[PDB]
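This text opens with one protein chain seen in two forms, each one given by itself as structure tokens under the names structure 1 and structure 2.
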Structure 1
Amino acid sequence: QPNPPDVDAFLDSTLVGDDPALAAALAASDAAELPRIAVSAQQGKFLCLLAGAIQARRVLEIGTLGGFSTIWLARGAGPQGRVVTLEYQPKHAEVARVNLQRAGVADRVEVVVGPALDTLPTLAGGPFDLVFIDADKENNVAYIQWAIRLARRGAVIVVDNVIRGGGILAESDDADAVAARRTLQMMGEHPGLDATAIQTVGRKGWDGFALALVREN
């Protein structure tokens, strides 16, 4: 009788609690008619704790939407950390900037507007400690190649949505399952990466993520 969404509601109440900044971000995202595809609270808290564990101070995110995952990354990187997040849609970037300011992390985050393949070669500063790749899935492999080039040795790369209900193994007419399957094959074969993939369930259904360490950059 218990199902993964019910368990996630319990985990949210038990481990995350009331989050008025993310509640406001959801309402603002809804008012702007953004798709409800942001990370769940357990998933966002995972990104936050991952950034905190490695003491990430330079974080790259590809795919901002309304800034939900971005807020979590900025929380984990802390007041000394900086997050650069890339977003193709001007309307998404504008909502995210408002959501970031209301969550109190605007001093830590820059939203860079444009196709990520055009903005990544000009991104400056220093090498990244953590890269979260969550944009157009057909460019996952290009984004991972960029992540390796722009990350420090030992940086963490996280790729969202790599399982898609098992569609990566099924003759499924799902462009992003095709992309996710090729992404996993590329990560396994790449000599500069050491990677794992964890299948997940919860409020967003059966999916999963890839996590890799940059061996050489």
Structure 2
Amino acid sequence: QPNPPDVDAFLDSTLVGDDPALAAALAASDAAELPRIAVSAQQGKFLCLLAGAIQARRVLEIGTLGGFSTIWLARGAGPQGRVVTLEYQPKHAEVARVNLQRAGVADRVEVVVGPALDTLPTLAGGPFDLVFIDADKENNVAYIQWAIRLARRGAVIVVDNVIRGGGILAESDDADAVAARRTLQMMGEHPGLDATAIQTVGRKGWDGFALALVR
């Protein structure tokens, strides 16, 4: 009987528990018709613990998607940390701001509105410790080149949804699956990166994330 969504409900109850600020962010994102949140609670808390493990003080997020991922990163970056998150749609940006205010981390977060390919070149404040990429996968090759350019040596880059239910193997038909396949090929062959990819299951289905160190 047991399937990965059922295991994730057990893991959420056991390791995350009641988190009204996250519940409210997911509800508000549904009401405003954002795209689906990219990370499960377990995957989001992974990003939180990764940020804490490396003592991330400056985090770049490409794809705010309602700020569920952003809340986790801002919690992990801690009282002194700062997250810069890039959102395309101003309405989506406003949803994220309210979700961040309700979670008590709006002071750690700057939401930067506009197409990421136009706003990435305009970022200052200095190099990032951690870059998280989870929207607009057609532009992943450009986002990864920008991530490398904006990140310190030894920084972590995480790219969400690089597996697409195994579509990356046999689906030339699907632009989405092709774009995920292309981001893996780019991360593997880039001499500025050392990269792995973890296939995941749970409440977000069969997918996975790439994780790289900047050399």
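Whichever C-alpha set is largest while still superposing within 1.5 Å between the two forms counts as the rigid core. Numbers given to residues start at 1 and step along the sequence of structure 1.
K.L.:
Which of these two chains, shown alone, is the form solved without S-adenosyl-L-homocysteine (SAH)?
P.N.:
Pick structure 2 here.
K.L.:
Rigid core as reference, CA moved 2 Å or more between structure 1 and structure 2 - which of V178, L49, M186, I37?
P.N.:
So the residue whose C-alpha moves 2 Å or more is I37.
K.L.:
After superposition on the rigid core, what is the displacement of the C-alpha atom of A27 between structure 1 and structure 2, in Å?
P.N.:
Between its two positions, the C-alpha of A27 lies 2.3 Å apart after core fitting.
K.L.:
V141: how big is its Cα shift between structure 1 and structure 2, in Å, with the core superposed?
P.N.:
That residue's C-alpha sits 0.8 Å away in the other form.
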